[PDB]
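Take a look at this single chain in structure tokens; it is the form deposited without the partner chain.
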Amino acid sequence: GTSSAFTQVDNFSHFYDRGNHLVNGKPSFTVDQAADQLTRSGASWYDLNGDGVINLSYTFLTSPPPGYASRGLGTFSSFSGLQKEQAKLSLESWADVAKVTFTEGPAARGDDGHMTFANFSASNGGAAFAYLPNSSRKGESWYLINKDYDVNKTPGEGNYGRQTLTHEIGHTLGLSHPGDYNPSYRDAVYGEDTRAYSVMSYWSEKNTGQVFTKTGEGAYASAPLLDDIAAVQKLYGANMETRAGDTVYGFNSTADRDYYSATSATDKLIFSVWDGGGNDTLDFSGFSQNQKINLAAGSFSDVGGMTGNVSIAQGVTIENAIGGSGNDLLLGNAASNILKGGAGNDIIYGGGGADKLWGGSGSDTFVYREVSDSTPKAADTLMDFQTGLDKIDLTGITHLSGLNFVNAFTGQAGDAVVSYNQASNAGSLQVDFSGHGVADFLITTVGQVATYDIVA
């Protein structure tokens, strides 16, 4: 057995596991499998000029292109200023993650490729459509506007008009729909075909249990989500220059993207973090609901009252996380993390590396899963430890076998020594789990630690 605080971190660390099991009766695909599914056509742009990027131009067509009239698309019209502004934000969010660049202008000798954007009015065409880069209509995307369907007239961050642009641009870059697919989620090839994993899915995140809204519509990611990032980087390479300095996501954002910025306790965030380097933070300090924040690359978090709404892209290391006033779980990664629980009763898991952990006010618990979480050459520091209030939980290591508190190691497994260094106001807990007679585990505290602060 273990304590509940360990069970909670363990279950949350595994709650969104992918691969090797069944999800809704379907095979579960890992990010990499889903990225190959999204790229199964093998279509791509080519770096025709060898400059190292796919450099594409695009036009907002102002009149019907040749061939338009025989296509049965009904009345042509051009993008409005709002559609143009939103289209460029969607383009920017693909260019952020992969070595593709987009410059407005007509087709030209130095271009790798050219794209077009326009509206059509015949409902028969669906909400939007686009073509892949190996087609004769490569670059084209098309958007439905008519008396029955106005979603595309008003794209805005978080809404379906905005995701439709990001989705159709995804096709132009070479992305398929997660499946071949009237059609419903029941036709999906793998369980993670929903709008929690890819903007290329049509199926509500409610299929896979995430909660973004009360209805399972209409809050939508504006920018490429975890599987989209991996799929597009597989085709074109990762854009490592993006956000390569220290970056904060969430409240107090320095990411400079509308979909990464929270300003209000009521904001609905749906995003996957792509970040190229530096010492970075997820700052979720502005919310009051209970949160679960996971800093593992590829993992999901339940943010701001929602679940499964924030993730970190494969290949990204995010160092720090700040919770809000709710009762939170904060899980670190293999790097040295700063984890800050804030108000409420929080459970912090540092994982690998020397972490600096802040419980904030309330009764906070610091959770340990492996001896390697906090070792004498790389020990956590519990920066605001409150003796008789906070808990150090070792139960995921001891499985409830307990510790024997001693003044020095005796060669028995489970011997532990807690000391307080008056000179530096530094507590320490050293534990010899193996029983070799020397500490194999060490946590330092700011303030004292007592035997009754330790759960084992």
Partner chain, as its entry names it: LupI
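Between two forms, the rigid core is defined as the largest C-alpha subset superposing within 1.5 Å. Positions refer to the first chain, counted from 1. Residues that one form lacks are left out of the comparison.
- Missing coordinates between residue 181 and residue 182 amount to 4 to 9 residues of the deposited sequence.
- Legend: mean Cα B-factor per stretch from the PDB entry, 101-109 versus 296-304; the higher mean is in 101-109.
- With 261-269 and 305-313 compared on mean CA B-factor from the PDB entry, the stretch scoring higher is 261-269.
- Annotation for 346, 85, 140, 228: 85 ranks highest, by Cα B-factor.
- In this structure the maximum Cα B-factor among 194, 123, 90, 119 is found at 123.
- Per the deposited record, the Cα B-factor of residue 418 falls in the highest third when ranked against the other modelled residues of its chain.
- When the modelled residues of the chain are ordered by C-alpha B-factor, residue 387 sits in the middle third.
- Sort the chain's modelled residues by C-alpha temperature factor and residue 32 lands in the middle third, per the entry.
- Per the PDB record, residue ranking by Cα B-factor puts residue 322 in the middle third of the chain.
- In this PDB entry, the Cα temperature factor of residue 209 sits in the top third of its chain's modelled residues, the highest group.
From this point on, the text means the form solved in complex with the partner chain, which you will not see here.
- The three marked residues, 39, 55 and 114, fail to reach the partner chain in the entry with it bound, with no heavy atom of any inside 4.5 Å.
- You can rule out all but one of 161-169, 294-302, 317-325, 101-109: in the entry with it bound, only 161-169 has residues with a heavy atom within 4.5 Å of the partner chain.
- Note on contacts: among 376, 278, 183, 72, the single residue with a heavy atom within 4.5 Å of the partner chain in the entry with it bound is 183.
- Checked against the partner chain in the entry with it bound, the candidates 125, 360, 237, 191 yield a single residue with a heavy atom inside 4.5 Å, and that residue is 125.
- The partner chain in the entry with it bound comes within 4.5 Å of no heavy atom belonging to residue 132.
- Using a 4.5 angstroms threshold between heavy atoms, residue 206 counts as touching the partner chain in the entry with it bound.
- In the entry with it bound, at least one heavy atom of residue 220 sits within 4.5 Å of a heavy atom of the partner chain.
- Within 4.5 Å of any heavy atom of the partner chain in the entry with it bound lies no heavy atom of residue 313.
- For the partner-free chain shown, 213, 214, 215, 216, 217, 218, 220 of 212-227 come within 4.5 angstroms of the partner chain in the entry with it bound, judged by any non-hydrogen atom.
- 215 is the only residue from 134, 103, 288, 215 whose Cα shifts by 2 Å or more between this form and the one not shown, the rigid core being superposed.
- Relative to the shown form, the Cα atoms of residue 303 and residue 214 move together by 3 Å or more in the entry with it bound.
- The pair residue 220 and residue 216 is at least 3 angstroms farther apart at the CA level in the entry with it bound than in the present model.
- After superposition on the rigid core, the sole stretch of at least three consecutive residues with Cα shifts of 2 Å or more between this form and the one not shown is 214-218.
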